[PDB]
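Below is one structure; the comments refer to it alone.
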Amino acid sequence: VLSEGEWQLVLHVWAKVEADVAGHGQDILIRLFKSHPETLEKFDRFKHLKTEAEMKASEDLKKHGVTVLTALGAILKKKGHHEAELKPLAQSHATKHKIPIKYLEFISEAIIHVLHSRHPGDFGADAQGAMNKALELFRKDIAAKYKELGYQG
Ligand code: HEM
């Protein structure tokens with residue numbers, strides 16, 4: 001469980017992300033695809049993109065980034081009380097997109113990395129820690145669902 005103090009650290013930096021959601025989302029997905037190119041194979045929509053330049057130039061990829069961070073922000077603001085928002089996400093990701101839990105770990109790291117790059121002042125080690133805990137909580141709850149449906153592994 002995160003403390004109120006840990007949640008305030010998470011939401012404080014998240015408020016800055018919202019000042020440029022598209023930029024953050026585009027950096028996050030690109031970091032993911034480069035660092036773990038198997039994740040890009042899961043997107044029919046983006047697998048024709050080969051270079052970083054190409055990825056940066058894609059408006060559609062930018063759009064999807066926004067969809068991703070908008071959905072995550074709605075979850076984080078619930079400070080753990082996210083059942084209604086996390087359940088349909090788990091379902092689509094398990095049964096339709098077929099995204100293994102390991103990939104959620106990879107994107108979580110991409111998120112931390114980018115937040116470190118863009119907000120060094122408001123993202124010190126305590127904030128980093130807090131954010132890692134919130135993302136673990138997200139995964140843990142997604143995994144429980146996957147298991148119910150028979151997709152944990
Ligand atoms: C931060 C974690 C993630 C969030 C919050 C998130 C959110 C979303 C949202 C809201 C959608 C559209 C609605 C839906 O189908 O549920 C979407 C679709 C999708 N997601 Fe996730 N996602 C996450 C992680 C991932 C990861 C790691 C991958 C794996 C490569 C992935 C692959 C997909 C795919 C393939 C679609 C459909 C894309 C399309 O063709 O339009 N997602 N995601």
Side-chain angles (χ1 to χ4, degrees), residues 2 6-80 82 85-86 88-94 96-146 151-153:
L2 277 78
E6 286 161 7
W7 282 117
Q8 194 180 359
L9 281 170
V10 174
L11 297 176
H12 178 81
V13 69
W14 195 259
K16 301 191 169 289
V17 172
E18 296 189 294
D20 181 32
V21 180
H24 284 80
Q26 191 174 36
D27 287 354
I28 285 169
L29 290 178
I30 288 178
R31 165 72 182 192
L32 177 66
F33 297 157
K34 283 170 67 204
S35 299
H36 305 281
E38 64 270 41
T39 66
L40 174 64
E41 190 63 18
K42 288 287 193 174
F43 288 94
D44 295 322
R45 192 167 159 186
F46 301 128
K47 75 178 186 189
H48 61 282
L49 297 167
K50 284 144 275 161
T51 72
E52 181 166 9
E54 281 173 27
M55 295 181 191
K56 272 255 62 186
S58 176
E59 191 66 22
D60 194 31
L61 183 52
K62 190 171 182 181
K63 287 183 88 179
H64 194 55
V66 177
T67 284
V68 163
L69 301 193
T70 305
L72 184 61
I75 284 161
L76 295 172
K77 285 175 201 173
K78 300 238 70 200
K79 298 184 319 177
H82 51 220
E85 293 66 34
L86 187 142
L89 182 71
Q91 291 179 272
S92 67
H93 293 55
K96 295 173 57 187
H97 308 316
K98 317 179 126 195
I99 302 309
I101 300 291
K102 194 73 173 164
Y103 294 12
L104 307 173
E105 183 186 14
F106 298 158
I107 200 170
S108 288
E109 296 305 302
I111 292 168
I112 286 165
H113 177 87
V114 168
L115 297 182
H116 179 258
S117 304
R118 300 171 72 112
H119 313 295
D122 293 83
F123 202 61
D126 47 316
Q128 188 182 163
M131 188 57 93
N132 170 56
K133 288 180 61 169
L135 292 177
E136 284 191 310
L137 174 65
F138 163 78
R139 294 209 293 282
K140 170 185 153 50
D141 294 333
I142 288 277
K145 299 299 197 195
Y146 270 47
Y151 286 85
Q152 177 170 268

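All residue numbers refer to positions in the sequence shown, counting from 1.
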For residues [X] and [Y], report the shortest heavy-atom separation together with the two atoms involved.
| X | Y | value |
| --- | --- | --- |
| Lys78 | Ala74 | CG-O, 3.1 Å |
| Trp7 | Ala134 | CZ3-CB, 4.0 Å |
| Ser58 | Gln26 | O-NE2, 3.8 Å |

ring-ring contact (aromatic ring centres under 6.0 Å, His included) partners for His113, two or more places apart: none

Flag side-chain contact, heavy atom, 4.5 Å: [X] against [Y]:
| X | Y | answer |
| --- | --- | --- |
| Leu72 | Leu76 | yes |
| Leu40 | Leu29 | no |
| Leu61 | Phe43 | no |
| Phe123 | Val114 | no |
| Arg139 | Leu135 | yes |
| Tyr151 | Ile99 | no |
| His24 | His119 | yes |

Donor-acceptor contact present, side-chain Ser35 to main-chain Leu32, <3.5 Å: no

Salt bridge (charged side-chain N to carboxylate O under 4.0 Å, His left out) partners of residues 29-42, not counting sequence neighbours, each pair once: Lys34-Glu52, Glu41-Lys47

Residues forming a side-chain hydrogen bond (donor to acceptor under 3.5 Å, both in side chains) with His12, sequence neighbours excluded: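 Listed in chain order: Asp122.
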
Ring centroid separation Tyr103 to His93 under 6.0 Å: no

Pair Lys133 + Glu136, salt bridge at N-O below 4.0 Å: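 A salt bridge is absent here (no side-chain N lies under 4.0 Å from a carboxylate O).
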
Stepwise side-chain hydrogen bond (donor to acceptor under 3.5 Å, both in side chains) test for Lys145 and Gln91: CA-CA 8 Å; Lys145 299 299 197 195; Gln91 291 179 272; over 6 Å; no

